[PDB]
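Q: The file below is my_file-v5.pdb, PDB, C-alpha atoms:
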ATOM      1  CA  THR M   1      -9.259   3.097   1.638  1.00  0.00           C
ATOM      2  CA  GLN M   2      -6.296   0.919   2.565  1.00  0.00           C
ATOM      3  CA  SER M   3      -5.816   0.408   6.264  1.00  0.00           C
ATOM      4  CA  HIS M   4      -2.546   0.807   8.118  1.00  0.00           C
ATOM      5  CA  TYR M   5      -0.074  -2.027   7.315  1.00  0.00           C
ATOM      6  CA  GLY M   6      -2.237  -3.108   4.408  1.00  0.00           C
ATOM      7  CA  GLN M   7      -1.275  -3.354   0.761  1.00  0.00           C
ATOM      8  CA  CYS M   8      -1.971   0.001  -0.934  1.00  0.00           C
ATOM      9  CA  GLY M   9      -0.814  -1.705  -3.969  1.00  0.00           C
ATOM     10  CA  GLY M  10       1.922  -1.778  -6.377  1.00  0.00           C
ATOM     11  CA  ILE M  11       1.646  -2.341 -10.077  1.00  0.00           C
ATOM     12  CA  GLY M  12      -1.479  -4.363 -10.747  1.00  0.00           C
ATOM     13  CA  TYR M  13      -3.476  -3.083  -7.831  1.00  0.00           C
ATOM     14  CA  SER M  14      -6.468  -1.068  -8.963  1.00  0.00           C
ATOM     15  CA  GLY M  15      -8.466  -0.650  -5.769  1.00  0.00           C
ATOM     16  CA  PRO M  16      -7.629   1.268  -2.530  1.00  0.00           C
ATOM     17  CA  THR M  17      -4.259   2.653  -3.533  1.00  0.00           C
ATOM     18  CA  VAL M  18      -4.841   5.436  -1.089  1.00  0.00           C
ATOM     19  CA  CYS M  19      -3.664   4.754   2.404  1.00  0.00           C
ATOM     20  CA  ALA M  20      -5.332   5.837   5.609  1.00  0.00           C
ATOM     21  CA  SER M  21      -4.533   9.421   6.483  1.00  0.00           C
ATOM     22  CA  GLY M  22      -1.110   9.576   8.048  1.00  0.00           C
ATOM     23  CA  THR M  23       0.244   6.385   6.606  1.00  0.00           C
ATOM     24  CA  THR M  24       2.580   6.321   3.656  1.00  0.00           C
ATOM     25  CA  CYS M  25       2.161   4.034   0.702  1.00  0.00           C
ATOM     26  CA  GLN M  26       5.565   2.536   0.357  1.00  0.00           C
ATOM     27  CA  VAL M  27       6.145   0.505  -2.748  1.00  0.00           C
ATOM     28  CA  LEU M  28       8.375  -2.186  -1.300  1.00  0.00           C
ATOM     29  CA  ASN M  29       8.185  -4.496  -4.237  1.00  0.00           C
ATOM     30  CA  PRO M  30       6.874  -3.308  -7.638  1.00  0.00           C
ATOM     31  CA  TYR M  31       3.615  -5.028  -6.914  1.00  0.00           C
ATOM     32  CA  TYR M  32       3.679  -4.962  -3.096  1.00  0.00           C
ATOM     33  CA  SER M  33       3.196  -1.632  -1.530  1.00  0.00           C
ATOM     34  CA  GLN M  34       2.291  -1.268   2.092  1.00  0.00           C
ATOM     35  CA  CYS M  35       0.830   1.601   4.067  1.00  0.00           C
ATOM     36  CA  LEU M  36       3.253   2.454   6.806  1.00  0.00           C
TER      37      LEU M  36
END
So that I can check it, write out the structure of this file as structure tokens.
A:
Amino acid sequence: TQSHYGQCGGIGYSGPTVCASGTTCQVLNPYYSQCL
């Protein structure tokens, strides 16, 4: 799973798109999404 402040992933990311419980996957850029 994607750790806090890590890239959950935007378009193109096929792995841990799920963020750690409590953190929100925020798609900042279409390809860069971070777990805040």
Q: Name the residues that the PyMOL selection byres ((chain M and resi 5) around 12) picks from the file above, as a list in words, using the file's chain letters and numbers.
A: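 That selection, the PyMOL selection byres ((chain M and resi 5) around 12), comes back as residues 1, 2, 3, 4, 6, 7, 8, 9, 19, 20, 22, 23, 24, 25, 26, 32, 33, 34, 35 and 36 of chain M.
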Q: Edge lengths and centre in Å to one decimal, as AutoDock Vina command-line options, of the axis-aligned box that encloses all listed atoms of range 3-7 of chain M with 6 Å added on every side?
A:
--center_x -2.9 --center_y -1.3 --center_z 4.4 --size_x 17.7 --size_y 16.2 --size_z 19.4
Q: Which neighbours of residue 11 in chain M fall inside 12 Å, counting only C-alpha atoms, when residues of the same chain fewer than 5 positions from it are skipped, and could you give them as a list in words?
A: residues 17, 27, 28, 29, 30, 31, 32 and 33 of chain M
